[PDB]
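Asks: After the structure tokens below, expect a handful of questions from me.
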Amino acid sequence: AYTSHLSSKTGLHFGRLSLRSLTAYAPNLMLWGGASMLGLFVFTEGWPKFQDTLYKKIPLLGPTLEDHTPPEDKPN
Amino acid sequence: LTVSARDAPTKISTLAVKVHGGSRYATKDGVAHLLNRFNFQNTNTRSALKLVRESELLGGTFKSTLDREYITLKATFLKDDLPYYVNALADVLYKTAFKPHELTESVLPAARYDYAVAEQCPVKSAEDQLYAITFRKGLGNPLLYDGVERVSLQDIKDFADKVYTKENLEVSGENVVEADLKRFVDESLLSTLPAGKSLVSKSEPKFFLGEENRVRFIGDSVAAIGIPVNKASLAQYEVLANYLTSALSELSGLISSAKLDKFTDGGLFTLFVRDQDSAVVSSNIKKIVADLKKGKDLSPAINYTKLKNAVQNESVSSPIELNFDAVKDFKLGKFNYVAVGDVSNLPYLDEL
């Protein structure tokens, strides 16, 4: 056989990135999104709205966050 | 345009185009070096970047070399990409763009680098000075551009369409079938070149004997002798070269290099002794010429020089079939001399 030309065509890009960049990056970037959400999950554990809404719905780590003070012993 | 190829059952082929455009035929000196460094650049159709990138995707390598007679445009590829590289060499022979913006940016720094590299070796300076004192303005133009005579872009264009004519060039190659190469060189733009005159003239190029040049140079010192040889006495000096730089002599430990440059019309047998000390260059070249002025017998070196010339004419496309069996002896007559380096501690031509 004999190839007289080059039978090839441009990719999809915007100069700095391309689709081949994001295709190979996207599993590690969704893992980075999960790691960032985990980071602020652990950074906002003392926030009481996220504490009583989400951080006791955890199955076995739940009853460690609340501590059972009787209501007739707090000042407010 | 003579297409001369051969076949082999292998994978990698080469296609070469040889023009007669070295510094033998340069009008101003250094023009052929600028054309050789100028060769594989921007064509009027595609770039020097698109050609290199799509040929690397197709799997090949372009090159362009320059010696005293030819400019060689070589292309080494996988075997099933012949018509693309034929069309690429025809493109780059016909319609290079010749822009000043790439003359200053890309050609002149490469020429300056190649000239500095060939200057810092003290044996190439002796060799081209030996050429310049043997042949005055025939083969004795300098090989590389150095900024002495200012070369424009118009001189490069005039020399390029003087030398890139159809009767001047010929196309050879390894591992291509001759039928497809002769069918691809036609139906191309290599056939539509101007059919100018061929540039080679075949009578002997008017040498000069008994001349000396002394070049001052810091570093290591060389002493070179050089004999211009005819076409009939080419075999005796080839046997002499392969006898002198070989273990048959006792003069192989003194001679650092010795070689016969062959051409169509005649040749030049050159001999370099290089050292860092210079009294050893003086005593060595005195012993060399004082032993070569007596008669040496050259018939023991015949089988060895047949071997060496078979292995050196292996891959060249210009085989000269020398006989090597009318050779019996050698006695040195008159010879040109050039002494480069520590020049005051080197012997003159009257001392040798």
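By order of appearance in the structure tokens: chains A, B, ..., then residues from 1 within every chain, and ligands from 1 in the order shown.
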Identify every residue of chain A that has at least one atom within 9 Å of any atom of chain B, counting only C-alpha atoms, and report the result as a count of residues only.

Replies: 6

Asks: Env of residue 205 (chain B): 10 Å cut, atoms = only C-alpha atoms, seq-sep filter 2 positions within chain, self excluded. Answer as a PDB file with N, CA and C atoms, in the first residue's frame.

Replies:
```pdb
ATOM      1  N   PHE B 135      43.507  24.696  -4.781  1.00  0.00           N
ATOM      2  CA  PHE B 135      42.641  25.241  -5.817  1.00  0.00           C
ATOM      3  C   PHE B 135      42.187  26.623  -5.377  1.00  0.00           C
ATOM      4  N   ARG B 136      42.401  27.625  -6.226  1.00  0.00           N
ATOM      5  CA  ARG B 136      42.252  28.997  -5.756  1.00  0.00           C
ATOM      6  C   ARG B 136      40.786  29.407  -5.652  1.00  0.00           C
ATOM      7  N   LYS B 137      40.066  29.424  -6.770  1.00  0.00           N
ATOM      8  CA  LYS B 137      38.653  29.784  -6.734  1.00  0.00           C
ATOM      9  C   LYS B 137      37.826  28.794  -7.541  1.00  0.00           C
ATOM     10  N   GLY B 138      38.210  27.527  -7.497  1.00  0.00           N
ATOM     11  CA  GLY B 138      37.397  26.451  -8.020  1.00  0.00           C
ATOM     12  C   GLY B 138      36.749  25.726  -6.866  1.00  0.00           C
ATOM     13  N   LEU B 139      37.362  24.622  -6.449  1.00  0.00           N
ATOM     14  CA  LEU B 139      36.933  23.897  -5.265  1.00  0.00           C
ATOM     15  C   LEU B 139      37.341  24.582  -3.968  1.00  0.00           C
ATOM     16  N   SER B 201      31.727  20.493 -15.016  1.00  0.00           N
ATOM     17  CA  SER B 201      32.665  20.463 -16.126  1.00  0.00           C
ATOM     18  C   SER B 201      33.775  19.475 -15.791  1.00  0.00           C
ATOM     19  N   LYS B 202      34.150  18.657 -16.776  1.00  0.00           N
ATOM     20  CA  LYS B 202      34.834  17.401 -16.497  1.00  0.00           C
ATOM     21  C   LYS B 202      36.350  17.434 -16.654  1.00  0.00           C
ATOM     22  N   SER B 203      36.933  18.526 -17.140  1.00  0.00           N
ATOM     23  CA  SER B 203      38.387  18.604 -17.194  1.00  0.00           C
ATOM     24  C   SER B 203      38.950  19.014 -15.837  1.00  0.00           C
ATOM     25  N   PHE B 207      45.129  22.806 -10.549  1.00  0.00           N
ATOM     26  CA  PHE B 207      45.744  22.868  -9.233  1.00  0.00           C
ATOM     27  C   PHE B 207      47.021  23.709  -9.241  1.00  0.00           C
ATOM     28  N   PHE B 208      47.520  23.979  -8.034  1.00  0.00           N
ATOM     29  CA  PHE B 208      48.760  24.705  -7.805  1.00  0.00           C
ATOM     30  C   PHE B 208      49.601  23.928  -6.805  1.00  0.00           C
ATOM     31  N   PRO B 228      47.218  17.350  -4.789  1.00  0.00           N
ATOM     32  CA  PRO B 228      46.128  17.239  -5.765  1.00  0.00           C
ATOM     33  C   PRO B 228      46.430  16.126  -6.756  1.00  0.00           C
ATOM     34  N   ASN B 230      45.104  13.370  -9.988  1.00  0.00           N
ATOM     35  CA  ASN B 230      44.346  13.342 -11.230  1.00  0.00           C
ATOM     36  C   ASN B 230      43.250  12.281 -11.143  1.00  0.00           C
ATOM     37  N   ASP B 265      36.461  14.766 -11.383  1.00  0.00           N
ATOM     38  CA  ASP B 265      37.587  15.142 -12.226  1.00  0.00           C
ATOM     39  C   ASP B 265      38.936  14.703 -11.665  1.00  0.00           C
ATOM     40  N   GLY B 266      39.133  14.850 -10.371  1.00  0.00           N
ATOM     41  CA  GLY B 266      40.364  14.438  -9.728  1.00  0.00           C
ATOM     42  C   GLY B 266      40.082  14.282  -8.261  1.00  0.00           C
ATOM     43  N   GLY B 267      41.091  14.547  -7.441  1.00  0.00           N
ATOM     44  CA  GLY B 267      40.882  14.483  -6.010  1.00  0.00           C
ATOM     45  C   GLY B 267      41.971  15.219  -5.266  1.00  0.00           C
TER      46      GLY B 267
END
```

Asks: Considering only C-alpha atoms, return as a list in words whatever protein or nucleic-acid residues lie within 12 Å of residue 45 (chain B), sequence-local ones (same chain, fewer than 4 positions apart) excluded.

Replies: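 Surrounding residues, per the criterion: residues 41, 49, 50, 51, 87, 88, 90, 91, 92, 94, 95, 96 and 97 of chain B.
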
Asks: Selection from above, N, CA and C atoms, as a compact mmCIF listing (two decimals), in the first residue's frame, can you write it?

Replies:
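Full text of out_37.txt as output:
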```txt
# COMPACT_ATOMS: atom_id res chain seq x y z
N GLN B 41 12.64 24.40 4.86
CA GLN B 41 11.94 25.50 5.51
C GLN B 41 10.59 25.71 4.81
N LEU B 49 6.76 23.71 9.91
CA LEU B 49 6.23 23.05 11.10
C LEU B 49 5.23 21.96 10.73
N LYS B 50 4.38 22.23 9.74
CA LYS B 50 3.38 21.25 9.31
C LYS B 50 4.04 20.06 8.63
N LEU B 51 5.08 20.32 7.84
CA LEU B 51 5.82 19.25 7.18
C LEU B 51 6.51 18.34 8.18
N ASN B 87 6.68 13.85 -3.07
CA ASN B 87 6.02 15.14 -3.24
C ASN B 87 6.58 16.19 -2.28
N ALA B 88 7.04 15.78 -1.10
CA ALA B 88 7.63 16.72 -0.16
C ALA B 88 8.98 17.23 -0.65
N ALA B 90 9.88 17.31 -3.78
CA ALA B 90 9.60 18.12 -4.96
C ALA B 90 9.08 19.51 -4.58
N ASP B 91 8.22 19.57 -3.55
CA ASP B 91 7.75 20.85 -2.99
C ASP B 91 8.91 21.71 -2.52
N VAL B 92 9.83 21.11 -1.75
CA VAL B 92 10.90 21.89 -1.16
C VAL B 92 11.99 22.22 -2.18
N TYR B 94 11.04 22.99 -5.42
CA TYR B 94 10.44 23.98 -6.30
C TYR B 94 10.21 25.31 -5.61
N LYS B 95 9.41 25.33 -4.55
CA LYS B 95 8.75 26.58 -4.15
C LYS B 95 8.99 26.92 -2.67
N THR B 96 10.25 26.96 -2.25
CA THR B 96 10.59 27.53 -0.95
C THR B 96 10.29 29.04 -0.97
N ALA B 97 9.89 29.59 0.19
CA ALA B 97 9.27 30.91 0.23
C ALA B 97 10.29 32.05 0.20
```

Asks: If we count only C-alpha atoms and set the cut-off at 8 Å, which residues sit around residue 337 (chain B), ignoring sequence neighbours fewer than 4 positions away in its own chain? Please answer as a PyMOL selection string.

Replies: chain B and resi 130+210-213+223-226+349

Asks: Which polymer residues have any atom within 10 Å of an atom of region 106-114 of chain B, counting only C-alpha atoms, with same-chain residues fewer than 5 positions away left out, as a PDB file with C-alpha atoms, in the first residue's frame?

Replies:
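Dumped everything to part.pdb:
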```pdb
ATOM      1  CA  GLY B  30      29.049  30.862   2.018  1.00  0.00           C
ATOM      2  CA  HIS B  33      25.961  26.849   3.161  1.00  0.00           C
ATOM      3  CA  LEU B  34      23.094  29.322   3.502  1.00  0.00           C
ATOM      4  CA  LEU B  35      21.094  27.379   0.907  1.00  0.00           C
ATOM      5  CA  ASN B  36      21.875  24.097   2.691  1.00  0.00           C
ATOM      6  CA  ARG B  37      20.773  25.504   6.057  1.00  0.00           C
ATOM      7  CA  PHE B  38      17.888  27.092   4.135  1.00  0.00           C
ATOM      8  CA  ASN B  39      16.579  23.906   2.468  1.00  0.00           C
ATOM      9  CA  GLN B  41      11.938  25.499   5.506  1.00  0.00           C
ATOM     10  CA  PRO B 100      13.972  37.786   5.229  1.00  0.00           C
ATOM     11  CA  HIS B 101      12.176  37.252   8.545  1.00  0.00           C
ATOM     12  CA  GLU B 119      36.181  26.708  13.578  1.00  0.00           C
ATOM     13  CA  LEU B 144      30.601  27.603   5.539  1.00  0.00           C
ATOM     14  CA  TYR B 145      29.334  31.171   5.753  1.00  0.00           C
ATOM     15  CA  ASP B 146      31.347  33.417   8.065  1.00  0.00           C
ATOM     16  CA  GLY B 147      30.273  37.018   7.446  1.00  0.00           C
TER      17      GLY B 147
END
```

Asks: May I have the residues within 12 Å of region 52-57 of chain A as a PDB file with N, CA and C atoms, in the first residue's frame, using only C-alpha atoms and disregarding those fewer than 6 positions away in the same chain?

Replies:
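What ended up in part17.pdb:
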```pdb
ATOM      1  N   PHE A  41     -16.684  19.054  55.319  1.00  0.00           N
ATOM      2  CA  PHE A  41     -17.412  18.198  56.252  1.00  0.00           C
ATOM      3  C   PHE A  41     -16.712  18.127  57.597  1.00  0.00           C
ATOM      4  N   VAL A  42     -15.390  17.965  57.587  1.00  0.00           N
ATOM      5  CA  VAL A  42     -14.714  17.863  58.875  1.00  0.00           C
ATOM      6  C   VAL A  42     -14.414  19.240  59.430  1.00  0.00           C
ATOM      7  N   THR A  44     -16.575  21.790  59.371  1.00  0.00           N
ATOM      8  CA  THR A  44     -17.771  22.392  59.953  1.00  0.00           C
ATOM      9  C   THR A  44     -18.569  21.415  60.800  1.00  0.00           C
ATOM     10  N   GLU A  45     -17.886  20.644  61.646  1.00  0.00           N
ATOM     11  CA  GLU A  45     -18.581  19.709  62.524  1.00  0.00           C
ATOM     12  C   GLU A  45     -19.176  20.419  63.737  1.00  0.00           C
ATOM     13  N   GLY A  46     -18.555  21.509  64.186  1.00  0.00           N
ATOM     14  CA  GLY A  46     -19.059  22.275  65.309  1.00  0.00           C
ATOM     15  C   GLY A  46     -20.228  23.186  65.013  1.00  0.00           C
ATOM     16  N   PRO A  63     -24.618   8.898  68.433  1.00  0.00           N
ATOM     17  CA  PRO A  63     -24.812   9.231  69.857  1.00  0.00           C
ATOM     18  C   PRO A  63     -23.573   9.747  70.579  1.00  0.00           C
ATOM     19  N   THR A  64     -22.401   9.778  69.940  1.00  0.00           N
ATOM     20  CA  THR A  64     -21.229  10.375  70.566  1.00  0.00           C
ATOM     21  C   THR A  64     -21.249  11.898  70.524  1.00  0.00           C
ATOM     22  N   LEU A  65     -21.950  12.503  69.560  1.00  0.00           N
ATOM     23  CA  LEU A  65     -21.949  13.960  69.455  1.00  0.00           C
ATOM     24  C   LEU A  65     -22.871  14.596  70.488  1.00  0.00           C
ATOM     25  N   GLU A  66     -24.099  14.100  70.605  1.00  0.00           N
ATOM     26  CA  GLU A  66     -24.989  14.612  71.634  1.00  0.00           C
ATOM     27  C   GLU A  66     -24.588  14.054  72.996  1.00  0.00           C
ATOM     28  N   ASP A  67     -24.802  14.864  74.028  1.00  0.00           N
ATOM     29  CA  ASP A  67     -24.547  14.483  75.410  1.00  0.00           C
ATOM     30  C   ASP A  67     -25.771  14.851  76.231  1.00  0.00           C
TER      31      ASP A  67
END
```

Asks: So that I can see what lies close to residue 61 (chain B), please list as a PyMOL selection string the residues with an atom at most 8 Å from it, counting only C-alpha atoms and leaving out residues fewer than 5 positions away in the same chain.

Replies: chain B and resi 55-56+75-77

Asks: Output N, CA, C and O atoms for every residue in the selection just made, as a PDB file, in the first residue's frame.

Replies:
```
ATOM      1  N   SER B  55       5.099  14.628   8.960  1.00  0.00           N
ATOM      2  CA  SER B  55       6.021  13.571   8.569  1.00  0.00           C
ATOM      3  C   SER B  55       6.482  12.752   9.765  1.00  0.00           C
ATOM      4  O   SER B  55       6.806  11.571   9.611  1.00  0.00           O
ATOM      5  N   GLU B  56       6.537  13.359  10.954  1.00  0.00           N
ATOM      6  CA  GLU B  56       6.782  12.582  12.161  1.00  0.00           C
ATOM      7  C   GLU B  56       5.591  11.701  12.498  1.00  0.00           C
ATOM      8  O   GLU B  56       5.767  10.596  13.022  1.00  0.00           O
ATOM      9  N   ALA B  75      15.739  11.732   2.867  1.00  0.00           N
ATOM     10  CA  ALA B  75      14.498  11.504   3.598  1.00  0.00           C
ATOM     11  C   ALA B  75      14.400  10.025   3.916  1.00  0.00           C
ATOM     12  O   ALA B  75      14.325   9.202   3.003  1.00  0.00           O
ATOM     13  N   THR B  76      14.393   9.688   5.198  1.00  0.00           N
ATOM     14  CA  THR B  76      14.382   8.302   5.651  1.00  0.00           C
ATOM     15  C   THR B  76      13.016   7.989   6.241  1.00  0.00           C
ATOM     16  O   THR B  76      12.590   8.647   7.193  1.00  0.00           O
ATOM     17  N   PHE B  77      12.336   6.985   5.696  1.00  0.00           N
ATOM     18  CA  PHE B  77      10.957   6.730   6.082  1.00  0.00           C
ATOM     19  C   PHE B  77      10.679   5.233   6.111  1.00  0.00           C
ATOM     20  O   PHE B  77      11.522   4.408   5.747  1.00  0.00           O
TER      21      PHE B  77
END
```

Asks: Identify all residues of chain A in alpha helix (DSSP H) (DSSP on the backbone) and supply them as a PyMOL selection string.

Replies: chain A and resi 19-43+48-53

Asks: Would you put the residues from that selection into a file with N, CA, C and O atoms, as a short mmCIF file (atom, residue, chain, number, x, y, z; two decimals), in the first residue's frame?

Replies:
```cif
data_model
loop_
_atom_site.label_atom_id
_atom_site.label_comp_id
_atom_site.auth_asym_id
_atom_site.auth_seq_id
_atom_site.Cartn_x
_atom_site.Cartn_y
_atom_site.Cartn_z
N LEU A 19 -10.58 18.62 25.04
CA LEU A 19 -11.43 17.54 25.54
C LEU A 19 -10.60 16.34 26.00
O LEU A 19 -11.02 15.62 26.91
N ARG A 20 -9.43 16.14 25.40
CA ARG A 20 -8.54 15.06 25.84
C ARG A 20 -7.93 15.36 27.21
O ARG A 20 -7.54 14.44 27.92
N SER A 21 -7.84 16.64 27.57
CA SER A 21 -7.38 17.01 28.91
C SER A 21 -8.44 16.66 29.95
O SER A 21 -8.16 15.96 30.93
N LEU A 22 -9.66 17.15 29.75
CA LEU A 22 -10.74 16.94 30.71
C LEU A 22 -11.21 15.49 30.78
O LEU A 22 -11.67 15.07 31.85
N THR A 23 -11.09 14.73 29.69
CA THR A 23 -11.44 13.32 29.72
C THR A 23 -10.49 12.53 30.62
O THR A 23 -10.93 11.66 31.38
N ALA A 24 -9.20 12.83 30.56
CA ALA A 24 -8.22 12.18 31.42
C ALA A 24 -8.15 12.78 32.81
O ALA A 24 -7.61 12.13 33.72
N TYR A 25 -8.67 13.99 33.01
CA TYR A 25 -8.63 14.62 34.33
C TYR A 25 -9.87 14.36 35.17
O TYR A 25 -9.77 14.35 36.40
N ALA A 26 -11.04 14.15 34.54
CA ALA A 26 -12.34 14.12 35.21
C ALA A 26 -12.54 13.08 36.33
O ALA A 26 -13.25 13.40 37.29
N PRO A 27 -11.97 11.86 36.29
CA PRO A 27 -12.05 11.02 37.50
C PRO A 27 -11.27 11.56 38.69
O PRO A 27 -11.77 11.52 39.83
N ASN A 28 -10.07 12.09 38.47
CA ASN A 28 -9.37 12.70 39.59
C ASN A 28 -10.00 14.03 40.00
O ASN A 28 -9.90 14.40 41.17
N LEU A 29 -10.70 14.72 39.10
CA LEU A 29 -11.37 15.94 39.51
C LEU A 29 -12.67 15.68 40.27
O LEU A 29 -13.00 16.43 41.19
N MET A 30 -13.40 14.60 39.95
CA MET A 30 -14.53 14.25 40.82
C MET A 30 -14.05 13.69 42.16
O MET A 30 -14.70 13.91 43.19
N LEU A 31 -12.88 13.02 42.18
CA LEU A 31 -12.28 12.64 43.45
C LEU A 31 -11.82 13.86 44.25
O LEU A 31 -11.90 13.86 45.49
N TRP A 32 -11.36 14.91 43.57
CA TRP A 32 -10.99 16.15 44.26
C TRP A 32 -12.22 16.86 44.80
O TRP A 32 -12.16 17.49 45.86
N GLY A 33 -13.34 16.79 44.08
CA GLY A 33 -14.59 17.32 44.60
C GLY A 33 -15.06 16.58 45.84
O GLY A 33 -15.51 17.20 46.82
N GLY A 34 -14.94 15.25 45.83
CA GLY A 34 -15.27 14.48 47.02
C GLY A 34 -14.35 14.77 48.19
O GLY A 34 -14.80 14.86 49.34
N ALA A 35 -13.06 14.97 47.91
CA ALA A 35 -12.11 15.31 48.97
C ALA A 35 -12.34 16.72 49.52
O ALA A 35 -12.15 16.95 50.71
N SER A 36 -12.77 17.65 48.67
CA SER A 36 -13.07 19.00 49.14
C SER A 36 -14.33 19.02 50.00
O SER A 36 -14.38 19.71 51.03
N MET A 37 -15.35 18.25 49.59
CA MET A 37 -16.56 18.17 50.40
C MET A 37 -16.29 17.45 51.72
O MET A 37 -16.84 17.83 52.75
N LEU A 38 -15.40 16.45 51.71
CA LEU A 38 -14.98 15.82 52.95
C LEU A 38 -14.19 16.79 53.83
O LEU A 38 -14.35 16.78 55.05
N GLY A 39 -13.37 17.65 53.22
CA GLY A 39 -12.60 18.61 53.99
C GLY A 39 -13.47 19.61 54.72
O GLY A 39 -13.29 19.86 55.92
N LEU A 40 -14.48 20.14 54.04
CA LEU A 40 -15.36 21.06 54.75
C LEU A 40 -16.41 20.34 55.61
O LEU A 40 -16.94 20.94 56.56
N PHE A 41 -16.68 19.05 55.32
CA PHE A 41 -17.41 18.20 56.25
C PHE A 41 -16.71 18.13 57.60
O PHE A 41 -17.36 18.21 58.65
N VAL A 42 -15.39 17.96 57.59
CA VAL A 42 -14.71 17.86 58.87
C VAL A 42 -14.41 19.24 59.43
O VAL A 42 -14.20 19.38 60.63
N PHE A 43 -14.40 20.27 58.58
CA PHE A 43 -14.14 21.61 59.08
C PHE A 43 -15.37 22.26 59.70
O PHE A 43 -15.22 23.18 60.50
N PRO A 48 -23.83 23.96 64.55
CA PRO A 48 -24.92 23.15 65.13
C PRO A 48 -26.02 22.78 64.14
O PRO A 48 -26.68 21.75 64.36
N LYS A 49 -26.23 23.55 63.08
CA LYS A 49 -27.26 23.20 62.09
C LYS A 49 -26.84 21.97 61.29
O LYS A 49 -27.62 21.02 61.12
N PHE A 50 -25.59 21.96 60.81
CA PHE A 50 -25.06 20.77 60.16
C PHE A 50 -24.83 19.65 61.16
O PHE A 50 -24.81 18.47 60.77
N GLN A 51 -24.68 19.98 62.45
CA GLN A 51 -24.50 18.95 63.47
C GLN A 51 -25.78 18.17 63.70
O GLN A 51 -25.79 16.93 63.60
N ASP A 52 -26.89 18.86 64.02
CA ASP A 52 -28.11 18.11 64.30
C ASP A 52 -28.81 17.63 63.04
O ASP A 52 -29.58 16.67 63.10
N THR A 53 -28.57 18.28 61.89
CA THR A 53 -29.19 17.79 60.66
C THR A 53 -28.46 16.58 60.09
O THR A 53 -29.07 15.54 59.82
#
```

Asks: Could you tell me which of B:292, B:281, B:8, B:93 comes closest to residue 171 (chain B) if we count only C-alpha atoms?

Replies: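 The answer is B:93, which sits nearest to residue 171 (chain B).
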